[PDB]
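Residues 2 to 114, 118 to 234 in the deposited numbering are what the sequence shown lists, from first letter to last.
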Amino acid sequence: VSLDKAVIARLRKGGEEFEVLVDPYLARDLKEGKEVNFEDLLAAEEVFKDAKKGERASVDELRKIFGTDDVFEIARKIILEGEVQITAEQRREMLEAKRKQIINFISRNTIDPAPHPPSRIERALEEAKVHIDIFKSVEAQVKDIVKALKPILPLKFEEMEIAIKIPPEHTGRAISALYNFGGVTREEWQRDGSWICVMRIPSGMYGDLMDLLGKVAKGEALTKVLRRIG
């Protein structure tokens, strides 16, 4: 990351200011909980007292304050505990992207006692003035958001277990694909060359599963709903 695209992440500790120049997208990833290659994250491998003036913190002061001189370790603490100074445009773009993943996750993993199209979810997020955290993964905030939409959009998180049996002819074009869809369990080849499994999927993906089946096994697959798990 070039110093011209890098942003400052700052932390005030023991009466002093500490800064690092980082790739804002990789810093967002760290605050979210993802694994980050620090070699790509830091625009410069050092801790600053003032990054804009180029004032470098000294090894002795780093040891006293942080109890270590390791730049990656210090940078991690600054990014997690301090503030990442992203631009308004970066904040806008990150917000737009996190909103999308949230809407997509909700649509695919819920149904309405069956799945709401994304636009229905979109509208409801607006109507309820839901706050979206750009530094948190979808998984970490998707339950407060859902129980915030509770009053105006009925939403239920649910998975289904569906038994599947593929005719001997289609096990070539159907087994690889189902694994690609995700959810295959208890798979097992059969006497006659047929194959069976139990698909575990988000109920909002049921229509996609049946559509995939029809295509890969040409209406030949057999299915049976075993249970719905909330």
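Ideal Cβ placement from N, Cα and C applies to all residues, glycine included.
Per DSSP, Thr227 is one residue of the beta strand (DSSP E) stretching across 226-233.
Counting only the Cα atoms, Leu4 lies some 22 Å from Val60. Straight through space, the alpha carbons of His135 and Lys50 are spaced by roughly 34 Å. Around the CB of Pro25, 16 or more other CB atoms lie within 10 Å, so the residue is classed as buried. Taking C-alpha positions only, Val23 is separated from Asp212 by approximately 40 Å. Classified as buried, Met164 has 16 or more neighbouring CB atoms from the shown chains inside 10 Å of its CB. Residue pairing for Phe49: DSSP places it in a beta bridge opposite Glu20, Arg57. Per DSSP, reduced to three states, the secondary structure at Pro172 is coil, with no helix or strand assignment. Pairing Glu162 with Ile233 gives a Cβ-Cβ distance under 8 Å. Judged by DSSP secondary structure, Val2 falls outside any alpha helix (DSSP H); it is assigned neither H nor E. Scanning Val2, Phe67, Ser198 for the CA closest to the CA of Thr175 turns up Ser198. For the 8 Å CB-CB criterion, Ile149 and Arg92 do not form a contact. Under the three-state reduction of DSSP, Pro25 is assigned to helix.
Pairwise C-beta distances place the region 202-212 in contact with the region 184-192, as three or more of them are shorter than 8 Å. Non-local beta-carbon contacts of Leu157 in its own chain, meaning distances under 6 Å to residues more than five positions away in sequence, involve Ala128 in chain order. Boundaries of the beta strand (DSSP E) harbouring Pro206: 199-206, taken from the DSSP string.
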